[PDB]
Amino acid sequence: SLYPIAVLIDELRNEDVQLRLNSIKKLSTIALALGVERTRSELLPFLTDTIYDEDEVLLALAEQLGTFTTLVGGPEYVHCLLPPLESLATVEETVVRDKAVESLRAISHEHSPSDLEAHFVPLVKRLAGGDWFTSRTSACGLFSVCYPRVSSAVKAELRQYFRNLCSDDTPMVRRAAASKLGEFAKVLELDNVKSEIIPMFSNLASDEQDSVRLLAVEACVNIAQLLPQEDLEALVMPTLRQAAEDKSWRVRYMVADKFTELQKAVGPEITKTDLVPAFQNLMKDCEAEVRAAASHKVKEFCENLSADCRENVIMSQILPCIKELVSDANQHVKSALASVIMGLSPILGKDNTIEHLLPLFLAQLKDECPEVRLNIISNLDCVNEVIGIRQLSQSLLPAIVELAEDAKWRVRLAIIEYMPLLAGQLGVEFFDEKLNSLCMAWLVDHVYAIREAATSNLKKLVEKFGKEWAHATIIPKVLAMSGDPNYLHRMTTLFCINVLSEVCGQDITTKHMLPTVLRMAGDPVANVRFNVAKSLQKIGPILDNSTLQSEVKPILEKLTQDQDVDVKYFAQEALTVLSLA
Amino acid sequence: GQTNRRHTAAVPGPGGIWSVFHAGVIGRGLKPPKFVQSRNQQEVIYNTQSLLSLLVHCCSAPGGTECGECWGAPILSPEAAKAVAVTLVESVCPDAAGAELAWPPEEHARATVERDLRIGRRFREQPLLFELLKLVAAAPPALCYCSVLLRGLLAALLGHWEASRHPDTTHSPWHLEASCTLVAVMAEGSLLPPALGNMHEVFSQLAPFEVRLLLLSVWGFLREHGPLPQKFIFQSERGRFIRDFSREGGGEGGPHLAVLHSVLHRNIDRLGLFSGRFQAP
Amino acid sequence: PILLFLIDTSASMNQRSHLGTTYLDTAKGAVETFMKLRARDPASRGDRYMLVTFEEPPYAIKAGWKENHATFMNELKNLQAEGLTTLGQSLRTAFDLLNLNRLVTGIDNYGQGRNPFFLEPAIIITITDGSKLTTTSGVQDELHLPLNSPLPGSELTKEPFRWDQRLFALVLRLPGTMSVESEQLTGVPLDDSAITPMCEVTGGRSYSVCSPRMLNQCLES
Amino acid sequence: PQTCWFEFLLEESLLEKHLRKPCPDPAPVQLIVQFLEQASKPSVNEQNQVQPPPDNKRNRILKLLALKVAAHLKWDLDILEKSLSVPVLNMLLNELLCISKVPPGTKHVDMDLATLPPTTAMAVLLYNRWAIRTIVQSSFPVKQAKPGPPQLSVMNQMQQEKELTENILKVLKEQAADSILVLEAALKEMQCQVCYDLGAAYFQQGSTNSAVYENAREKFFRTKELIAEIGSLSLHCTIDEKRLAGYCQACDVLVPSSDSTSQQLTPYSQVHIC
Amino acid sequence: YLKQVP
Amino acid sequence: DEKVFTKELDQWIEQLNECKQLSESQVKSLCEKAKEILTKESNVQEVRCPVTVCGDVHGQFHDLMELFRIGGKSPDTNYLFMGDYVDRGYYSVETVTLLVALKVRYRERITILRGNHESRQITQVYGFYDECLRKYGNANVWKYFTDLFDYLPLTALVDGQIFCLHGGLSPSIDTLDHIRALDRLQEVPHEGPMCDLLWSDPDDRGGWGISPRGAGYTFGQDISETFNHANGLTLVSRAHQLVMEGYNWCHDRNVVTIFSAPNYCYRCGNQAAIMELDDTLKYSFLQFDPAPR
Ligand SMILES: [Mn+2]
Ligand SMILES: [Mn+2]
């Protein structure tokens, strides 16, 4: 009975931290092996009176108590564990008080209402009266959780305790109390929130510190989601209006970030009458981070309105703000704006997308910054779905040559991936005239991903344009660059063999495809033999039995005892897969 | 033992109106195709035989007595072999940092490791060096002058057996052969006792740390009983220099033979038949 | 105060110790560790660092009054020991710099007595090796400072040095092979060099070093 | 599902379940490591007065659980020697000696084993076998640890542990002479292994005083016919027969015992004897 | 670097 | 046995490339096979041309994936990493696990060197120990990875002409035969040849000097020229300092700094680079940006 306490006290004092962790992570084993009333009687006062100097053990014991409250004997006997769990609140670390408050959240969740009405209310009212701020943070959390199981008089007592604690001067308990206001009204009725919660909410939003106003405005968006359409205009709406244009930029940054749930909560008439002019005030100010957030939110603000008025407000107010935001001297604002600009295209009608968004599209194409270019070129697929390929192709005619040679390979990657649609729409004659050279230079780039994308692009072209065109215009250049001393150029030619052989045909597979593969399997570079083994492995099934048995089998038995072990293994598994022997 | 025309004919494809792929050449290109040396061992062994025959004629004494029933060994002069030893030390290591004939402590081997690696390279490249040591061996005051060479080669072997991770010593042929040949030559030169000098026949079947401990035992013995030019008595009836291991006071190395016997007592499983060679005289 | 380092840049200062490093690199490390140990003292906010090498003028003053700390570091780390052992001219050049600014400021009031409150504290440290003193004509046995009177007013004081400056000498005698015997003397010996009588006259002491531990004791002292 | 030492310290039936658990988590010899490391805590008082650990009930129940764990492995010294260090094994065998009703400081000269209780006789035989094997394996060379600098505290407590190892090995020698007397009195069956280690001792002091080699030979010849009486009954007998073959091959070269066809005829033997 | 992130 | 381990290790590669951590027994087997494959490797491993040499990674796994998207996939292009891929990064265990699994899968295609961060003390103090506790749970996988770092080769040689190592030169090293004679089978000391091998760095000096790091030395153009002349080398490749442009040709076209961790410690904003020696020793630089997140 006392020997567990003795080994606990001689084990908690050492050098390392792993041993106490292994002890208290298995303290539930000690409790279940020893008994129930024993650990109610002596072990709980033992863990109260001891004070440790390390923080992670407090986390582990808190979560162990949270998992242990079931092993205590059920919800009826958990009154023994409440003085220790409230004794854990007098700590100085954030993670351990978070673990403590979530443990007490679980305790409040699992437990039958009558002895919450009897016992937890004095405990939360007494730790609410604690002088330390951590006790008040735990108090406002516990008052946020203890609503639905108490009676009306006990309710009104905890409401007036909440007004007693929420009015104090020190800021961190006001932050915690504002967060618990945001979590608090999610369960209340309409009359109590419309009578006393919202005027003191306005009072707490009327103070000076920025962060209490931050937590106040997301508490405002929660209560706007909660309150019906009939009452929010008269009381909390001027509060959020006067909080919209405050002196600090943090509050307008947050109400920009929270603007979408605000406009979803209030309803379209309030958005048109009040939120739109404040939003023109939002993107047209001097701070630039709020401007980037304003672009990030003008995307999902324009997608979420009513149609018959969204068209008018975008043709009347939004587009001049877009034109002003494009010419902004800050760069990150332009990058974010170009990230979220062509999402307006499926929203907006066709000819208006042309006559407004395409000049700014071509403007954002030629910007010297890379992030704006990579964002707009990634969004070119989304604008490509709603705008027909013909006028988009004619728009990208003088802009396709500068974007195939720019520094960043993301833009080149997306241009290569998008190019088959452009070539298929735009015809074969133009590609044979002055557009094949771009793909030819793409096949010999430095970046591997660019070359692999160009090889898949070759697959798309041989699929979309036909057989004899690829015979006349693609294969001889592939062989001429197969005759290149550099090794990775030979790698790209092997990739061309593989990927163009996916469609290809049957006649060219033995008279201009196979012999070049055969004749260069004796290159001293082991990677050449490695990938010619891979190419033979893949190209096996498309070939017929005569060529597969005439010269493929002797070259594969030639390459299966060479010095490098990797090419030997892939030659062996190529012979295994192709069933050559 | 030990341009532009062909450049411009093959610059198609990657050039044009676009820049070339590379940024430059690191050096002059590939470092040759590397040369493969080829010899035949019969000519090597018989030119070595001719040279050692010439040396053993030159380093012999006058003689010319024709006394007795022959069957005997003519003396090799201890002064000619001293000259051969001096010029061999000159050829291999011209340095004078450790030119003292008394061996320094073991930790001092960690200082001049560059010199030890250089003597190791010299013994590895040319086998004739080892052969010359045997010529220095059969004139017992001579190999004492090569104490620097033996010390450097021993320290290189110590380094190799410290860095060796193989379970068996036959995975490195040359270092095993060099260790056994070295201790055999120092056993020829009356530097080690016959009890301790007969250890190399177990070296082929030990662990690298085990042969390392044996060579440290050798190093400690040469600490305790140095390879001085003196301590050889010129016994005159048949005039030769003899080192008798009775009167130095150590005799057979007590701790050294103890460590060597512990080495045998570990690997009883394989060093069973050869345990009879290390019996006390 | 004013900390001046006279680093010997003769070719004899290019010998290699048992540490696998040259003597000049050991001198640079001595300067660096002197910097660290002086910066440990919470009284060294104002300390002007100067460097003079064994090179003929005007390439003699590496760092002076109008330079800063970064240029002192850059010129310290970029020293090449490719000269002769000309100690007298370098010592005269260092004293000429220091006494030159001294007589510029009027720190020493001639005729009005000697005021030891007017003070410009200065310690100069000559790091050398103790080789033979060499000129372009031959070896010089005994150290003589030149007497050319370049600074106006040098005749009003008999000695080229002054009473506000002190000379110390770090003579590096690191052997090529490490000594088997370990030095256990608490005190640092004096050297039998040609710079020792001069630093005894000027009111300093010549530290003689034979080991890196000895260098640490010398530099702490 | 790992375990800890005080899990078994609080309840004995947990250790009983662990001893019966077919595919365990950390094996019982590392459990011996953990319990005997916990029992090795110095008894520092309130004034930091370091003394021997106290004889409370917790220590005694820890030792009896440890000896029950050791009994689960049938007191087989092979894996128990290979997996546990020297001073910890000294403490374990001292505990096994004192639990067998032996007062400390007793001279080990006679203890007639027929008159002894069977458990006491087997315990003193086991302790003496540990002594003789420990000194023999201390004569063995060891792979030197690679010189990577550890932390200072672990290096210091290793230094203290190997220092106590040196202490226990010297006192091991000066009782080991009398222990050799106890072994040679202990011949008067599965004790052949016992005799085996006796002959191994005669190789440790064989380099000097070569006459003990002759003593050594009959001991190993003894083992051979007892191996002939064993067959495949290697329950407590764990003799490596490669070692026996190598040792007897070493033992043949001190004397000619005739029977050249029966003895070795490899040319190394006749060139050596000639 | 226009990212205060406060 | 070879086929099942090969396909399991390929599935390990595929699971690593999508940024998923492995299990403790899988790391056990990977580390054991890594020990077996790294025992038979010299201190100066000759890597034949062609090879794409990459520099410090320092536990930036998505940047490593981008690096594989630039220089080529690991099956097809040879790689040589000059260590220091374990600390100062959020995803550290995935990076080292990917390198070791690629080494034991492709033994002639991936060459891995040793950095100074790949030691017990430095991993304990600069983050790998903490990452070990937060992901896998106990400190035992750190023990296998420290032993694995212990067996790693120090330097590498490309066509007998390019010397690749992590740090810099040494006052105690004069020939490459002394590199091959060192006992590599030990944790990196505070003083000695190998600590200088993994800790030294070039600077525009005239000789040796105490590095401002607590260990190692610093060397100038004269020392590098002497080392290149006396050993038949022409280039010394290394990866030890942060570089904006990703490559530096210091000591007059003799010492090459190649840093391959863009945006080091996620706050420096450097554009990393790697070197791609072709089959003609006929090089090019691949210079890249950090990955999108
Ligand atoms: Mn790193
Ligand atoms: Mn590094």
# chains A, B, ... in the order shown; residues from 1 in each chain; ligands from 1
>>> closest_atom_pairs(of="chain B", to="chain D", cutoff="8 Å", atoms="only C-alpha atoms", output="JSON lines")
{"residue": "B:209", "atom": "CA", "partner": "D:143", "partner_atom": "CA", "distance": 6.5}
{"residue": "B:210", "atom": "CA", "partner": "D:141", "partner_atom": "CA", "distance": 7.9}
{"residue": "B:258", "atom": "CA", "partner": "D:207", "partner_atom": "CA", "distance": 7.0}
{"residue": "B:261", "atom": "CA", "partner": "D:207", "partner_atom": "CA", "distance": 7.2}
{"residue": "B:262", "atom": "CA", "partner": "D:140", "partner_atom": "CA", "distance": 5.9}
{"residue": "B:263", "atom": "CA", "partner": "D:141", "partner_atom": "CA", "distance": 6.7}
{"residue": "B:265", "atom": "CA", "partner": "D:140", "partner_atom": "CA", "distance": 7.1}
{"residue": "B:266", "atom": "CA", "partner": "D:140", "partner_atom": "CA", "distance": 5.8}
{"residue": "B:268", "atom": "CA", "partner": "D:246", "partner_atom": "CA", "distance": 5.2}
{"residue": "B:269", "atom": "CA", "partner": "D:246", "partner_atom": "CA", "distance": 5.0}
{"residue": "B:270", "atom": "CA", "partner": "D:246", "partner_atom": "CA", "distance": 6.6}
{"residue": "B:271", "atom": "CA", "partner": "D:246", "partner_atom": "CA", "distance": 7.1}
{"residue": "B:272", "atom": "CA", "partner": "D:246", "partner_atom": "CA", "distance": 4.7}
{"residue": "B:273", "atom": "CA", "partner": "D:250", "partner_atom": "CA", "distance": 5.9}
{"residue": "B:274", "atom": "CA", "partner": "D:250", "partner_atom": "CA", "distance": 7.9}
{"residue": "B:275", "atom": "CA", "partner": "D:250", "partner_atom": "CA", "distance": 5.9}
{"residue": "B:276", "atom": "CA", "partner": "D:253", "partner_atom": "CA", "distance": 6.2}
{"residue": "B:280", "atom": "CA", "partner": "D:207", "partner_atom": "CA", "distance": 7.9}
>>> write_last_selection(atoms="N, CA, C and O atoms", output="short mmCIF file (atom, residue, chain, number, x, y, z; two decimals), in the first residue's frame")
data_model
loop_
_atom_site.label_atom_id
_atom_site.label_comp_id
_atom_site.auth_asym_id
_atom_site.auth_seq_id
_atom_site.Cartn_x
_atom_site.Cartn_y
_atom_site.Cartn_z
N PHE B 209 42.25 -7.03 -34.95
CA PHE B 209 42.64 -6.49 -33.65
C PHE B 209 43.60 -7.42 -32.93
O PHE B 209 44.43 -6.97 -32.14
N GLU B 210 43.52 -8.72 -33.23
CA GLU B 210 44.37 -9.69 -32.56
C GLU B 210 45.82 -9.57 -33.05
O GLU B 210 46.76 -9.52 -32.24
N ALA B 258 53.08 -13.46 -22.38
CA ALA B 258 51.78 -13.63 -21.72
C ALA B 258 50.64 -13.19 -22.62
O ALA B 258 49.62 -13.88 -22.74
N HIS B 261 50.33 -15.70 -25.44
CA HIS B 261 49.67 -16.91 -24.98
C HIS B 261 48.18 -16.68 -24.75
O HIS B 261 47.39 -17.61 -24.94
N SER B 262 47.78 -15.47 -24.35
CA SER B 262 46.35 -15.16 -24.28
C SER B 262 45.72 -15.15 -25.67
O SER B 262 44.57 -15.58 -25.84
N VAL B 263 46.46 -14.66 -26.66
CA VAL B 263 46.04 -14.73 -28.06
C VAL B 263 45.81 -16.17 -28.49
O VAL B 263 44.79 -16.49 -29.12
N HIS B 265 45.20 -18.63 -26.39
CA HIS B 265 44.17 -19.20 -25.54
C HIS B 265 42.78 -18.74 -25.95
O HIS B 265 41.78 -19.37 -25.58
N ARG B 266 42.67 -17.64 -26.70
CA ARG B 266 41.37 -17.25 -27.22
C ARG B 266 40.92 -18.20 -28.32
O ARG B 266 39.89 -18.87 -28.20
N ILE B 268 41.43 -21.21 -29.42
CA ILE B 268 41.72 -22.64 -29.30
C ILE B 268 41.08 -23.43 -30.43
O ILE B 268 41.62 -24.45 -30.87
N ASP B 269 39.96 -22.93 -30.97
CA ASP B 269 39.19 -23.66 -31.97
C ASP B 269 39.99 -23.88 -33.25
O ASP B 269 39.79 -24.87 -33.96
N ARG B 270 40.90 -22.96 -33.56
CA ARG B 270 41.68 -23.04 -34.79
C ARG B 270 43.18 -23.06 -34.56
O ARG B 270 43.90 -23.64 -35.39
N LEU B 271 43.68 -22.47 -33.48
CA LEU B 271 45.11 -22.50 -33.18
C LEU B 271 45.41 -23.63 -32.19
O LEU B 271 45.85 -23.41 -31.07
N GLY B 272 45.16 -24.85 -32.65
CA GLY B 272 45.40 -26.00 -31.80
C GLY B 272 46.74 -26.66 -32.07
O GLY B 272 47.52 -26.90 -31.15
N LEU B 273 47.01 -26.95 -33.35
CA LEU B 273 48.25 -27.63 -33.71
C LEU B 273 49.45 -26.71 -33.55
O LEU B 273 50.55 -27.17 -33.22
N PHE B 274 49.26 -25.41 -33.78
CA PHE B 274 50.38 -24.48 -33.76
C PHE B 274 50.70 -23.99 -32.36
O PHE B 274 51.61 -23.18 -32.19
N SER B 275 49.97 -24.47 -31.35
CA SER B 275 50.27 -24.10 -29.97
C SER B 275 51.57 -24.72 -29.47
O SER B 275 52.09 -24.26 -28.45
N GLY B 276 52.09 -25.74 -30.15
CA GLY B 276 53.32 -26.36 -29.69
C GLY B 276 54.57 -25.58 -30.05
O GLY B 276 55.64 -25.85 -29.52
N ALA B 280 57.81 -22.91 -23.94
CA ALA B 280 58.97 -22.28 -23.33
C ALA B 280 60.23 -23.11 -23.60
O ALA B 280 60.19 -24.34 -23.56
#
>>> interface_residues(of="chain F", to="chain B", cutoff="6 Å", atoms="only C-alpha atoms", output="PyMOL selection string")
chain F and resi 183+281-284
>>> write_last_selection(atoms="C-alpha atoms", output="short mmCIF file (atom, residue, chain, number, x, y, z; two decimals), in the first residue's frame")
data_model
loop_
_atom_site.label_atom_id
_atom_site.label_comp_id
_atom_site.auth_asym_id
_atom_site.auth_seq_id
_atom_site.Cartn_x
_atom_site.Cartn_y
_atom_site.Cartn_z
CA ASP F 183 40.09 4.92 -38.70
CA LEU F 281 34.03 15.76 -67.18
CA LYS F 282 32.32 18.53 -69.02
CA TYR F 283 30.20 20.22 -66.43
CA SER F 284 27.10 22.35 -65.95
#
>>> residues_around(residues="residue 126 in chain D", least_positions_apart="3", cutoff="10 Å", atoms="only C-alpha atoms", output="ChimeraX atom specification")
/D:75-77,93,96-97,120-123,129-132,194
>>> write_last_selection(atoms="N, CA, C and O atoms", output="CSV table (one decimal), in the first residue's frame")
chain,number,residue,atom,x,y,z
D,75,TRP,N,20.0,-21.6,-14.3
D,75,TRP,CA,21.3,-21.2,-13.8
D,75,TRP,C,22.4,-21.6,-14.9
D,75,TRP,O,23.5,-22.0,-14.5
D,76,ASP,N,22.1,-21.5,-16.2
D,76,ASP,CA,23.0,-21.8,-17.2
D,76,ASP,C,23.9,-20.6,-17.4
D,76,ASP,O,23.5,-19.5,-17.9
D,77,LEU,N,25.2,-20.8,-17.2
D,77,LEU,CA,26.2,-19.7,-17.1
D,77,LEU,C,26.6,-19.2,-18.5
D,77,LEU,O,27.3,-18.2,-18.6
D,93,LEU,N,25.6,-13.7,-7.5
D,93,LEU,CA,26.0,-14.9,-6.9
D,93,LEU,C,26.3,-14.8,-5.4
D,93,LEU,O,26.1,-15.7,-4.7
D,96,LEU,N,22.8,-15.3,-4.1
D,96,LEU,CA,22.5,-16.7,-4.2
D,96,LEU,C,23.3,-17.5,-3.1
D,96,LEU,O,22.8,-18.5,-2.6
D,97,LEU,N,24.5,-17.0,-2.7
D,97,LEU,CA,25.2,-17.6,-1.6
D,97,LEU,C,24.6,-17.4,-0.3
D,97,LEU,O,24.4,-18.3,0.6
D,120,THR,N,22.6,-26.0,-1.3
D,120,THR,CA,23.8,-25.3,-0.9
D,120,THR,C,25.0,-25.7,-1.7
D,120,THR,O,25.9,-24.9,-2.1
D,121,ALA,N,25.2,-27.1,-1.9
D,121,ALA,CA,26.3,-27.6,-2.6
D,121,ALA,C,26.2,-27.1,-4.1
D,121,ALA,O,27.3,-26.7,-4.7
D,122,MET,N,25.0,-27.2,-4.7
D,122,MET,CA,24.9,-26.7,-6.1
D,122,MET,C,25.2,-25.2,-6.2
D,122,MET,O,25.8,-24.7,-7.1
D,123,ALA,N,24.8,-24.4,-5.1
D,123,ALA,CA,25.0,-23.0,-5.1
D,123,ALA,C,26.5,-22.6,-5.0
D,123,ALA,O,27.0,-21.8,-5.7
D,129,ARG,N,32.2,-22.0,-10.1
D,129,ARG,CA,32.2,-22.1,-11.6
D,129,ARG,C,32.2,-20.7,-12.2
D,129,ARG,O,33.0,-20.5,-13.2
D,130,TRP,N,31.4,-19.8,-11.7
D,130,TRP,CA,31.4,-18.5,-12.2
D,130,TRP,C,32.8,-17.8,-11.9
D,130,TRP,O,33.3,-17.1,-12.8
D,131,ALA,N,33.4,-18.1,-10.8
D,131,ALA,CA,34.7,-17.5,-10.4
D,131,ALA,C,35.8,-18.0,-11.4
D,131,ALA,O,36.5,-17.2,-12.0
D,132,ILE,N,35.8,-19.3,-11.7
D,132,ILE,CA,36.8,-19.8,-12.6
D,132,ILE,C,36.6,-19.4,-14.0
D,132,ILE,O,37.6,-19.0,-14.7
D,194,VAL,N,32.0,-28.9,-15.2
D,194,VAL,CA,32.8,-28.5,-14.1
D,194,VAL,C,34.2,-28.7,-14.2
D,194,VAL,O,35.1,-27.8,-14.3
>>> closest_residue(among="F:57, F:179, F:110, F:210", to="ligand 2", atoms="only C-alpha atoms and all ligand atoms")
F:57
>>> select_by_dssp(residues="range 129-349 of chain A", states="helix (DSSP H, G or I)", output="ChimeraX atom specification")
/A:133-145,152-166,171-182,190-205,210-226,237-244,249-257,259-266,268-283,289-302,307-326,331-339,342-344
>>> closest_residue(among="B:196, B:228, B:96, B:222", to="chain C", atoms="only C-alpha atoms")
B:96
>>> residues_near_ligand(ligand="ligand 2", cutoff="7 Å", atoms="only C-alpha atoms and all ligand atoms", output="PyMOL selection string")
chain F and resi 84+115-117+166-167+198-199+239-240
>>> residues_near_ligand(ligand="ligand 1", cutoff="12 Å", atoms="only C-alpha atoms and all ligand atoms", output="ChimeraX atom specification")
/F:55-60,81-89,92,95-96,113-119,122-123,126-128,166-167,198-199,239-242,259-261,264-265
>>> residues_around(residues="range 66-80 of chain C", least_positions_apart="6", cutoff="8 Å", atoms="only C-alpha atoms", output="PyMOL selection string")
(chain C and resi 9+28+49-51) or (chain F and resi 204-207)
>>> closest_atom_pairs(of="chain A", to="chain F", cutoff="7 Å", atoms="only C-alpha atoms", output="tab-separated table")
residue	atom	partner	partner_atom	distance
A:447	CA	F:70	CA	4.8
A:448	CA	F:70	CA	5.2
A:449	CA	F:69	CA	5.6
A:486	CA	F:278	CA	6.6
A:487	CA	F:279	CA	6.7
A:527	CA	F:76	CA	6.1
>>> residues_around(residues="range 154-171 of chain D", least_positions_apart="4", cutoff="10 Å", atoms="only C-alpha atoms", output="list in words")
residues 85, 86, 87, 88, 90, 131, 134, 135, 138, 149, 150, 175 and 176 of chain D
>>> write_last_selection(atoms="C-alpha atoms", output="mmCIF file, in the first residue's frame")
data_model
loop_
_atom_site.group_PDB
_atom_site.id
_atom_site.type_symbol
_atom_site.label_atom_id
_atom_site.label_comp_id
_atom_site.auth_asym_id
_atom_site.auth_seq_id
_atom_site.Cartn_x
_atom_site.Cartn_y
_atom_site.Cartn_z
ATOM 1 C CA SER D 85 28.541 -7.888 -16.647
ATOM 2 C CA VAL D 86 31.021 -8.929 -13.976
ATOM 3 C CA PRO D 87 30.222 -6.969 -10.755
ATOM 4 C CA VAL D 88 26.483 -7.409 -11.281
ATOM 5 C CA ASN D 90 29.197 -10.947 -8.415
ATOM 6 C CA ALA D 131 34.690 -17.523 -10.440
ATOM 7 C CA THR D 134 35.330 -15.207 -14.959
ATOM 8 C CA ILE D 135 39.078 -15.300 -14.381
ATOM 9 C CA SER D 138 39.384 -12.102 -18.033
ATOM 10 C CA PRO D 149 34.042 10.520 -27.062
ATOM 11 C CA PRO D 150 30.904 9.851 -24.999
ATOM 12 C CA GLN D 175 40.320 -16.524 -3.568
ATOM 13 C CA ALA D 176 40.739 -18.321 -6.892
#
>>> interface_residues(of="chain F", to="chain D", cutoff="8 Å", atoms="only C-alpha atoms", output="PyMOL selection string")
chain F and resi 185-189
>>> residues_around(residues="range 179-181 of chain D", least_positions_apart="5", cutoff="8 Å", atoms="only C-alpha atoms", output="MDAnalysis selection string")
chainID D and resid 108:109 128 131:132 198 201
>>> write_last_selection(atoms="N, CA and C atoms", output="compact mmCIF listing (two decimals), in the first residue's frame")
# COMPACT_ATOMS: atom_id res chain seq x y z
N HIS D 108 36.31 -20.73 2.42
CA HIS D 108 35.71 -21.74 1.58
C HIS D 108 36.55 -23.01 1.48
N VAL D 109 37.23 -23.42 2.54
CA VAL D 109 38.22 -24.48 2.40
C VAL D 109 37.57 -25.86 2.20
N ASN D 128 31.52 -21.01 -7.65
CA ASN D 128 32.92 -21.29 -7.94
C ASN D 128 33.14 -21.47 -9.44
N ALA D 131 33.38 -18.08 -10.76
CA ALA D 131 34.69 -17.52 -10.44
C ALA D 131 35.75 -17.98 -11.43
N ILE D 132 35.80 -19.28 -11.70
CA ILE D 132 36.84 -19.83 -12.56
C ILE D 132 36.63 -19.40 -14.01
N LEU D 198 37.95 -26.47 -14.91
CA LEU D 198 39.16 -26.67 -14.11
C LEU D 198 40.39 -26.76 -15.00
N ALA D 201 41.44 -23.50 -16.33
CA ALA D 201 42.23 -22.73 -15.37
C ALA D 201 43.70 -23.11 -15.45
>>> interface_residues(of="chain D", to="chain A", cutoff="10 Å", atoms="only C-alpha atoms", output="PyMOL selection string")
chain D and resi 2-4+6-7+9-11+14+38+57-58
>>> write_last_selection(atoms="C-alpha atoms", output="tab-separated table (two decimals), in the first residue's frame")
chain	number	residue	atom	x	y	z
D	2	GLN	CA	6.41	-3.15	-22.61
D	3	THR	CA	7.08	-3.52	-18.89
D	4	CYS	CA	9.05	-1.87	-16.08
D	6	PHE	CA	8.38	-1.69	-10.44
D	7	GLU	CA	5.49	-3.37	-12.28
D	9	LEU	CA	8.05	-5.18	-7.84
D	10	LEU	CA	4.47	-4.26	-6.89
D	11	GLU	CA	3.00	-7.64	-7.91
D	14	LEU	CA	2.88	-10.21	-13.04
D	38	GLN	CA	17.92	-0.64	-9.35
D	57	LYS	CA	11.70	-5.11	2.36
D	58	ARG	CA	11.73	-3.67	-1.18
>>> residues_around(residues="residue 205 in chain C", least_positions_apart="3", cutoff="9 Å", atoms="only C-alpha atoms", output="PyMOL selection string")
chain C and resi 167-169+190+196+199-200+202
>>> write_last_selection(atoms="N, CA and C atoms", output="JSON list (two decimals), in the first residue's frame")
[["chain", "number", "residue", "atom", "x", "y", "z"],
["C", 167, "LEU", "N", 57.09, 47.48, -24.39],
["C", 167, "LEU", "CA", 57.46, 46.48, -25.39],
["C", 167, "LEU", "C", 57.47, 45.09, -24.79],
["C", 168, "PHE", "N", 56.79, 44.16, -25.46],
["C", 168, "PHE", "CA", 56.84, 42.75, -25.10],
["C", 168, "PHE", "C", 57.16, 41.94, -26.35],
["C", 169, "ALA", "N", 57.74, 40.76, -26.14],
["C", 169, "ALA", "CA", 58.20, 39.94, -27.25],
["C", 169, "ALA", "C", 57.72, 38.51, -27.08],
["C", 190, "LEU", "N", 62.69, 33.64, -19.92],
["C", 190, "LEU", "CA", 63.21, 34.66, -20.82],
["C", 190, "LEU", "C", 64.07, 33.99, -21.89],
["C", 196, "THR", "N", 65.62, 40.86, -26.26],
["C", 196, "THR", "CA", 65.41, 40.89, -24.81],
["C", 196, "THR", "C", 66.04, 42.09, -24.09],
["C", 199, "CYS", "N", 63.61, 45.12, -24.64],
["C", 199, "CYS", "CA", 62.35, 45.12, -23.91],
["C", 199, "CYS", "C", 62.58, 45.21, -22.41],
["C", 200, "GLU", "N", 63.75, 44.78, -21.92],
["C", 200, "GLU", "CA", 64.07, 45.05, -20.52],
["C", 200, "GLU", "C", 64.35, 46.53, -20.28],
["C", 202, "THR", "N", 62.93, 49.04, -22.06],
["C", 202, "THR", "CA", 61.66, 49.75, -22.20],
["C", 202, "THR", "C", 60.66, 49.44, -21.10]]
